[PDB]
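S.K.: Here you go, one structure.
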Protein chains: 2
Amino acid sequence: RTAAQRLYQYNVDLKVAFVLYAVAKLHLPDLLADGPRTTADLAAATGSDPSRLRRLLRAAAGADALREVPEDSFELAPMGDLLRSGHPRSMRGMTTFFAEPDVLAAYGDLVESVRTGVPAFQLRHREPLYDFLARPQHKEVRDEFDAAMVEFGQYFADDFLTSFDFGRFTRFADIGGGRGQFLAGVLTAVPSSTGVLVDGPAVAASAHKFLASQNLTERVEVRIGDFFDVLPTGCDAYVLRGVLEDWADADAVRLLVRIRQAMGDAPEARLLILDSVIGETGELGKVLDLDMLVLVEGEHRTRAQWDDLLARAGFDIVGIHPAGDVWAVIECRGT
Amino acid sequence: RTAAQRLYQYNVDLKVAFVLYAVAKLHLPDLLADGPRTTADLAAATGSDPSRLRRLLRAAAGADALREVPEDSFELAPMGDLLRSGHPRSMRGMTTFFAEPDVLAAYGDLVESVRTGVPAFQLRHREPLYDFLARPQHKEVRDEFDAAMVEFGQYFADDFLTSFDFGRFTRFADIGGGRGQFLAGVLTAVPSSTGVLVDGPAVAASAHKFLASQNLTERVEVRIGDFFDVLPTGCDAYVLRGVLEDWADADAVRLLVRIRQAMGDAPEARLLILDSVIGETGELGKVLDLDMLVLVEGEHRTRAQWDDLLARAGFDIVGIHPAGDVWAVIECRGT
């Protein structure tokens, strides 16, 4: 409650974060998936010093990730179950990626990033994040990052759907929608509606498999190619979900112009931009901007900056509806 | 509440930890000690890019360390105030030390440490922690470490003084009591009592000054030298606080035997060992053993281990009294 208690608790939680990271990297949650195991057993299964493994496992029990069991054994607790790779709603991705040595070093160079103007990660690894992860030697970190993004989408799904009336529209078009995670959530919450997925040839296979797992193959048209090419026409709702952070103004205007030409003169049609808006985000949103500062070159925009771009594309802002403590839906009208 | 919410929150509090580190390293709290400043001013004062400093400062505001103030300015919130070096109840030490690159890298190597058996810090560094800190090139981290230890002592002070009856002793002997922090606390709780501070010459001057600032100079005898020589005789309470943690068995026994013959045969004289006891600590304590695993080679002892050690020195455990959720007072009696 007091400031002193809050500072001391941040120090403690920092340690728990490392504890959870190590438990996940040793695949201890997966080894425990079918029931309890002894320290000696888990030692042989991980190649660890039994005495120091026990101390790590015990810390994990202290943080309520595992529970201690008779005959010097340990067993999964609810929080530890979520750190299994196989769990349908796993959160192993975010627990491991952000505590990885290469990633953690970047958050360490936060001071020099503020002083220089260069993203900390690029300052640290002499290369942008997406190029770093593209290397074969960093595949394990890449998969964890990929999982983290899926998990953030899962965590914040309800925040969007309960903060804007998507039920007004019947034909959605997600530009840069990836595997179609967001499109799936909207089409599930809005019956009898159809969708269009627009993205590059990278996630094409991932989209078809994920949509099939949701039985939405019939309701979603997957379009693969450049944005300015396969952009669909005749949709009453267009969605840009965090894909303008890494665009120049000149490039974003052309995209927004192309979108304007696609939705026609339909007065009920809308462009929906999903993003964190500077000055109109919550306290949590201000903290999360740290991620952008450390990892990438992109940047969130203010309302005034959004109005500038949209006006040059023939758009006006109807409102910026809050969607939880971080994100918001920027509702845009034509003309 | 849910396991999912707790996991996401550890991810967030991790980012906050880094924010507070960078804020403290830039001495922003100290720069704001006398009132609000604009971003531009703080940019020139720190040699920072204004654009990215503002985002960092805004994040610190989100985490309730600073406050945003009209005309692009910031000032101290209560939590940020405690991150000033000059604050009487400062907590800058613990907030900076555990996020230093050399220290953070150790908590990252927690997996290899568990796998190898070597303390994590000594895997990435050629020297143990204290040898490392002793070097002049690491004075900045050395000073944050010492502050951290003072802060933890202040944070857990009441937990000891309310969990054990120190008031039934009249002469205290703090073996390895540093500058006299603990001894000072006890003497304030027992108005009619004196003390003997036993420690090396490393902190002789530090101890004299602190005791003078507490007006305890006439109530505490400060004995400087090797433990096995300057042990006072006739004390009815002997205190060992965080000493035998890194002493070997053969070495610890000798020290315990020397204490044993200094107590005489007074039936009420006690040896009080303050420590975390494996198997008899709270969930927090199980987590904090991580620090021992990462930083140093020493280890906490179980009750049976303490029994066996004290047995060879002619002591009996009267009881192990819980002092909060981490520490305990081991009350020992001469057989």
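Every chain in the structure tokens takes a letter, A first, then B, and so on in the order presented; its residues are numbered from 1, and the ligands are numbered from 1 following the presented order.
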Write out as a ChimeraX atom specification the residues lying within 10 Å of residue 211 of chain B, counting only C-alpha atoms and excluding same-chain residues fewer than 5 positions away.
M.R.: /B:179-181,183-184,206,216-220,222
S.K.: Would you list the contacts of residue 284 of chain A as a PyMOL selection string, taking every protein, DNA or RNA residue within 12 Å and counting only C-alpha atoms, but skipping same-chain residues closer than 2 positions in sequence?
M.R.: (chain A and resi 276+278+280-282+286-291+324-327) or (chain B and resi 8-9+11-13+15-16+58-64)
S.K.: Taking only C-alpha atoms into account, produce a table as JSON lines in which each residue of chain B with an atom at most 6 Å from an atom of chain A appears once, together with its shortest atom pair and the distance in Å to one decimal, ordered by chain and rising number.
M.R.:
```
{"residue": "B:3", "atom": "CA", "partner": "A:79", "partner_atom": "CA", "distance": 4.7}
{"residue": "B:14", "atom": "CA", "partner": "A:14", "partner_atom": "CA", "distance": 5.9}
{"residue": "B:22", "atom": "CA", "partner": "A:111", "partner_atom": "CA", "distance": 5.6}
{"residue": "B:48", "atom": "CA", "partner": "A:115", "partner_atom": "CA", "distance": 3.9}
{"residue": "B:49", "atom": "CA", "partner": "A:115", "partner_atom": "CA", "distance": 5.4}
{"residue": "B:52", "atom": "CA", "partner": "A:114", "partner_atom": "CA", "distance": 5.3}
{"residue": "B:53", "atom": "CA", "partner": "A:114", "partner_atom": "CA", "distance": 5.6}
{"residue": "B:59", "atom": "CA", "partner": "A:287", "partner_atom": "CA", "distance": 4.4}
{"residue": "B:62", "atom": "CA", "partner": "A:283", "partner_atom": "CA", "distance": 4.1}
{"residue": "B:79", "atom": "CA", "partner": "A:3", "partner_atom": "CA", "distance": 4.8}
{"residue": "B:111", "atom": "CA", "partner": "A:22", "partner_atom": "CA", "distance": 5.7}
{"residue": "B:114", "atom": "CA", "partner": "A:52", "partner_atom": "CA", "distance": 5.4}
{"residue": "B:115", "atom": "CA", "partner": "A:48", "partner_atom": "CA", "distance": 3.9}
{"residue": "B:117", "atom": "CA", "partner": "A:49", "partner_atom": "CA", "distance": 5.7}
{"residue": "B:283", "atom": "CA", "partner": "A:62", "partner_atom": "CA", "distance": 4.2}
{"residue": "B:286", "atom": "CA", "partner": "A:59", "partner_atom": "CA", "distance": 4.8}
{"residue": "B:287", "atom": "CA", "partner": "A:59", "partner_atom": "CA", "distance": 4.3}
```
S.K.: Print the selection's residues with N, CA and C atoms to a file, as a JSON list (two decimals), in the first residue's frame.
M.R.:
```json
[["chain", "number", "residue", "atom", "x", "y", "z"],
["B", 3, "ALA", "N", -4.53, -17.16, -12.47],
["B", 3, "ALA", "CA", -3.14, -17.47, -12.77],
["B", 3, "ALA", "C", -2.68, -16.65, -13.97],
["B", 14, "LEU", "N", 8.05, -6.36, -14.42],
["B", 14, "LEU", "CA", 9.41, -6.49, -14.91],
["B", 14, "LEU", "C", 9.82, -5.22, -15.66],
["B", 22, "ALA", "N", 16.40, 2.93, -14.66],
["B", 22, "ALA", "CA", 16.88, 3.96, -15.57],
["B", 22, "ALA", "C", 16.64, 5.34, -14.98],
["B", 48, "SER", "N", 20.13, 13.94, -22.77],
["B", 48, "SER", "CA", 19.24, 12.97, -23.40],
["B", 48, "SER", "C", 18.49, 13.54, -24.60],
["B", 49, "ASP", "N", 18.07, 12.65, -25.50],
["B", 49, "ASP", "CA", 17.12, 13.02, -26.52],
["B", 49, "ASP", "C", 15.80, 13.36, -25.84],
["B", 52, "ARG", "N", 12.63, 10.83, -26.45],
["B", 52, "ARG", "CA", 12.65, 9.54, -25.78],
["B", 52, "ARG", "C", 12.71, 9.66, -24.25],
["B", 53, "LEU", "N", 13.22, 10.79, -23.76],
["B", 53, "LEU", "CA", 13.23, 11.02, -22.31],
["B", 53, "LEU", "C", 11.80, 11.19, -21.81],
["B", 59, "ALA", "N", 6.46, 7.01, -18.60],
["B", 59, "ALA", "CA", 6.33, 5.63, -18.13],
["B", 59, "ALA", "C", 6.51, 5.57, -16.61],
["B", 62, "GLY", "N", 3.31, 6.61, -15.14],
["B", 62, "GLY", "CA", 2.36, 5.51, -15.17],
["B", 62, "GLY", "C", 2.57, 4.53, -14.03],
["B", 79, "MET", "N", 6.76, 7.50, -4.34],
["B", 79, "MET", "CA", 7.65, 6.37, -4.59],
["B", 79, "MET", "C", 8.98, 6.82, -5.20],
["B", 111, "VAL", "N", 19.95, -20.90, -14.87],
["B", 111, "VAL", "CA", 19.83, -22.25, -15.41],
["B", 111, "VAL", "C", 21.16, -22.99, -15.40],
["B", 114, "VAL", "N", 22.14, -23.89, -11.79],
["B", 114, "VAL", "CA", 21.44, -25.08, -11.32],
["B", 114, "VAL", "C", 22.03, -26.33, -11.96],
["B", 115, "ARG", "N", 22.38, -26.22, -13.24],
["B", 115, "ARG", "CA", 22.96, -27.34, -13.97],
["B", 115, "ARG", "C", 24.40, -27.65, -13.54],
["B", 117, "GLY", "N", 26.22, -26.20, -10.55],
["B", 117, "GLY", "CA", 26.47, -26.27, -9.12],
["B", 117, "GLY", "C", 27.25, -25.06, -8.66],
["B", 283, "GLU", "N", 6.69, -18.48, 2.25],
["B", 283, "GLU", "CA", 6.81, -18.51, 0.80],
["B", 283, "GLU", "C", 7.77, -17.46, 0.27],
["B", 286, "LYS", "N", 11.34, -18.71, 0.64],
["B", 286, "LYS", "CA", 11.71, -19.70, -0.37],
["B", 286, "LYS", "C", 12.14, -19.00, -1.66],
["B", 287, "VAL", "N", 11.45, -17.91, -1.99],
["B", 287, "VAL", "CA", 11.79, -17.10, -3.15],
["B", 287, "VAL", "C", 13.12, -16.36, -2.99]]
```
S.K.: I'd like to know which of B:127, B:331, B:148, B:203 is closest to residue 306 of chain B, using only C-alpha atoms.
M.R.: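 Going through B:127, B:331, B:148, B:203 one by one, the smallest distance to residue 306 of chain B is for B:331.
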S.K.: Could you pull out the strand (DSSP E or B) residues of segment 15-247 of chain B from DSSP and send them as JSON, numbers by chain?
M.R.: {"B": [37, 38, 66, 67, 68, 69, 73, 74, 75, 76, 171, 172, 173, 174, 175, 194, 195, 196, 197, 198, 199, 220, 221, 222, 223, 224, 237, 238, 239, 240, 241]}
S.K.: Could you please take those selected residues and save C-alpha atoms as a PDB file, in the first residue's frame?
M.R.:
```pdb
ATOM      1  CA  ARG B  37      11.231  20.664 -14.323  1.00  0.00           C
ATOM      2  CA  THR B  38      10.308  20.554 -17.992  1.00  0.00           C
ATOM      3  CA  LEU B  66       6.702  10.609 -10.882  1.00  0.00           C
ATOM      4  CA  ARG B  67       3.755  12.905 -11.661  1.00  0.00           C
ATOM      5  CA  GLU B  68       2.991  14.573 -14.977  1.00  0.00           C
ATOM      6  CA  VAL B  69       2.652  18.336 -14.535  1.00  0.00           C
ATOM      7  CA  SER B  73       6.843  18.902 -16.790  1.00  0.00           C
ATOM      8  CA  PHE B  74       7.400  16.229 -14.157  1.00  0.00           C
ATOM      9  CA  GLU B  75       7.740  16.154 -10.388  1.00  0.00           C
ATOM     10  CA  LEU B  76       8.228  13.606  -7.610  1.00  0.00           C
ATOM     11  CA  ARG B 171      23.593  -7.215  27.810  1.00  0.00           C
ATOM     12  CA  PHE B 172      23.795  -7.835  24.075  1.00  0.00           C
ATOM     13  CA  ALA B 173      26.771  -9.053  22.059  1.00  0.00           C
ATOM     14  CA  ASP B 174      26.342  -8.446  18.337  1.00  0.00           C
ATOM     15  CA  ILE B 175      28.927 -10.644  16.625  1.00  0.00           C
ATOM     16  CA  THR B 194      23.846  -2.087  26.993  1.00  0.00           C
ATOM     17  CA  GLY B 195      25.636  -3.751  24.095  1.00  0.00           C
ATOM     18  CA  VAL B 196      28.935  -4.924  22.649  1.00  0.00           C
ATOM     19  CA  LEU B 197      29.625  -4.517  18.933  1.00  0.00           C
ATOM     20  CA  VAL B 198      32.105  -7.064  17.576  1.00  0.00           C
ATOM     21  CA  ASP B 199      33.392  -6.656  14.016  1.00  0.00           C
ATOM     22  CA  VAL B 220      27.865   0.283  23.287  1.00  0.00           C
ATOM     23  CA  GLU B 221      31.419  -1.012  23.579  1.00  0.00           C
ATOM     24  CA  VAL B 222      32.994  -1.325  20.130  1.00  0.00           C
ATOM     25  CA  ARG B 223      35.525  -4.165  19.974  1.00  0.00           C
ATOM     26  CA  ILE B 224      37.596  -4.326  16.789  1.00  0.00           C
ATOM     27  CA  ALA B 237      22.576 -12.538  24.872  1.00  0.00           C
ATOM     28  CA  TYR B 238      24.808 -13.330  21.892  1.00  0.00           C
ATOM     29  CA  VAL B 239      23.602 -12.490  18.390  1.00  0.00           C
ATOM     30  CA  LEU B 240      24.804 -14.004  15.098  1.00  0.00           C
ATOM     31  CA  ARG B 241      23.181 -12.245  12.146  1.00  0.00           C
TER      32      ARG B 241
END
```
S.K.: Using only C-alpha atoms, which of the listed residues (B:72, B:263, B:170, B:140) sits closest to residue 36 of chain B?
M.R.: B:72
S.K.: Give me, as a VMD selection string, all polymer residues having an atom no more than 10 Å from residue 320 of chain B, counting only C-alpha atoms and skipping those fewer than 4 positions away in the same chain.
M.R.: chain B and resid 272 to 275 277 280 303 327 to 332
S.K.: Generate the output file for the selected residues, C-alpha atoms, as an mmCIF file, in the first residue's frame.
M.R.:
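Saved result, result_17.cif, follows:
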```
data_model
loop_
_atom_site.group_PDB
_atom_site.id
_atom_site.type_symbol
_atom_site.label_atom_id
_atom_site.label_comp_id
_atom_site.auth_asym_id
_atom_site.auth_seq_id
_atom_site.Cartn_x
_atom_site.Cartn_y
_atom_site.Cartn_z
ATOM 1 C CA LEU B 272 20.272 -15.968 19.243
ATOM 2 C CA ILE B 273 20.909 -16.849 15.606
ATOM 3 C CA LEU B 274 19.045 -14.702 13.099
ATOM 4 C CA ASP B 275 18.609 -16.409 9.735
ATOM 5 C CA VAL B 277 15.652 -21.607 8.103
ATOM 6 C CA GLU B 280 10.653 -23.262 8.415
ATOM 7 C CA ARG B 303 16.903 -27.323 11.570
ATOM 8 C CA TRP B 327 13.588 -14.660 8.873
ATOM 9 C CA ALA B 328 13.561 -16.448 12.202
ATOM 10 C CA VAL B 329 15.172 -16.163 15.609
ATOM 11 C CA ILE B 330 16.930 -19.390 16.554
ATOM 12 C CA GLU B 331 17.026 -19.389 20.349
ATOM 13 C CA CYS B 332 19.921 -21.512 21.628
#
```
S.K.: So which residues of segment 147-253 of chain A fall under helix (DSSP H, G or I) by DSSP, listed as number ranges by chain?
M.R.: A: 147-155, 157-161, 166-168, 181-189, 204-213, 227-230, 249-253
